[PDB]
Amino acid sequence: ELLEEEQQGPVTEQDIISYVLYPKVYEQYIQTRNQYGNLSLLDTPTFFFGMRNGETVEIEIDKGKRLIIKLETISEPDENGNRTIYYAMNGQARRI
Amino acid sequence: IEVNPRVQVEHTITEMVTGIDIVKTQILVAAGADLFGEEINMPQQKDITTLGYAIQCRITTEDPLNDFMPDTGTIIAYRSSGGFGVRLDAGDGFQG
């Protein structure tokens, strides 16, 4: 009930003892997975360092399915300290 | 002159004036679908007409100023048009 109430349904038997074994640590993983998704699919260097200008990274997602991300440039911090990253993902231009 | 046993580049023209999805029909015909069944819905011959007129042309890296020599370079700017009754099928022409 506790987990199903915090999340909204899909709670397996693995979650339960994981949580019991690691109260705070499990919760934190949930916080991150909510935010960033499945990180375990990133290549290690990209996991620790991200990317550099003009670099292209393949992320294997499923047999025949993958994200191709090129990082074009990173803008200056605007008046609120946000930087605009210029991306190209799967033949489509994106901004973050 | 000849027969072309397949789709051609210029097939879009016909689709617009007859209102039939040639390409979709190809998939349905291969699947075993009867023309006059419920998937293809081919009008009977004398009920197939033309609704106005349709024109196609092609944009090629051919330079008309050098006996149509297909220039090899990079696209750094691409502005497609769009419009009601306008149809764009994008090949080698995009942002990057």
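Residues numbered from 1 in each chain as written, not as in the entry; some residues may be left out. Chains lettered and ligands numbered in written order. Part of a larger assembly, values for the part shown. Heavy atoms only, no water.

- Going by the PDB entry, chain B carries the name Pyruvate carboxylase and comes from Staphylococcus aureus subsp. aureus Mu50.

- The PDB entry lists chain A under the name Pyruvate carboxylase, with Staphylococcus aureus subsp. aureus Mu50 as the source organism.

**Side note on the side chain of A:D15**
All names here are of chain A.
And then number 1: Looking at where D15 falls in the secondary structure, it is placed in helix 2 (residues 13-21).
And then number 2: Here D15 sits buried without a salt bridge, and the closest side chain of opposite charge, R33, lies 5.4 Å off (N-O distance).
And then number 3: Looking at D15, its side chain comes within polar contact range of the side chain of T12, at 2.5 Å.
And then number 4: Once residues within four sequence positions are removed from consideration, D15 is found in contact with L3, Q7 and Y26. (Helix = DSSP H or I, 4+ residues; strand = E, 2+ residues; numbered from the N terminus. Buried < 20%, exposed > 50% of the residue type's maximum accessible area, 1.4 Å probe, protein only. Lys, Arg positive; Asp, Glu negative; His and termini not counted. Salt bridge = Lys/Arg side-chain N within 4 Å of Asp/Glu carboxyl O. Polar contact = N/O pair within 3.5 Å; in protein donor to acceptor, adjacent residues only side chain to side chain. Contact = heavy atoms within 4.5 Å.)

**A few points about the packing of aromatic side chains**
Residue and element names in this part refer to chain A.
And then number 1: Enumeration over the complete set of coordinates arrives at 2 aromatic pairs over all chains.
And then number 2: A ring pair is formed by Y19 and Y26, whose centres lie 6.2 Å apart and whose planes are at 80°; its orientation type is edge-to-face.
And then number 3: A residue is classified by how much of its surface remains accessible, and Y19, at 23% relative accessible area, is partly exposed. (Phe/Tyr/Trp six-rings, centres within 6.5 Å; stacked < 30°, edge-to-face > 60°.)

**What about helix 1 (residues 11-18) of chain B?**
Residue and element names in this part refer to chain B.
And then number 1: For helix 1, the complete set of buried residues consists of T12, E15 and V17.
And then number 2: Of the surrounding elements, those touching the buried residues of helix 1 are helix 2 (22-30).
And then number 3: The positive-phi residue at the C-terminal boundary of helix 1 is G19, with phi of around 80°.

**Regarding the sheet that holds strand 2 (residues 65-74) of chain A**
Residue and element names in this part refer to chain A.
And then number 1: One open sheet accounts for 4 strands, arranged 1-2-3-4; its pairing is antiparallel. Either end of the sheet is taken by a strand with one partner, and the two such strands are strand 1 (56-62) and strand 4 (92-95). Between one strand axis and the next, the sheet turns through 25° on average, direction left out of account.
And then number 2: Of the pairings in the sheet, the one linking strand 1 to strand 2 comprises 6 bridges and is antiparallel in character. Across the sheet, the residue bridging to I59 is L67, located in strand 2. (Pairing = 2+ DSSP bridges. Axes fitted to C-alpha atoms, helices over the stretch in contact; angles between N-to-C directions.)

**Considerations on helix 3 (residues 23-36) of chain A**
And then number 1: Taking 1.5 Å of rise per residue, 14 residues should cover 20 Å, and helix 3 of chain A covers 21 Å from first to last C-alpha, within 8% of that figure.
And then number 2: Residue A:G37 follows helix 3 of chain A closely and has a positive phi angle near 85°. (Expected span 1.5 Å × (residues − 1).)

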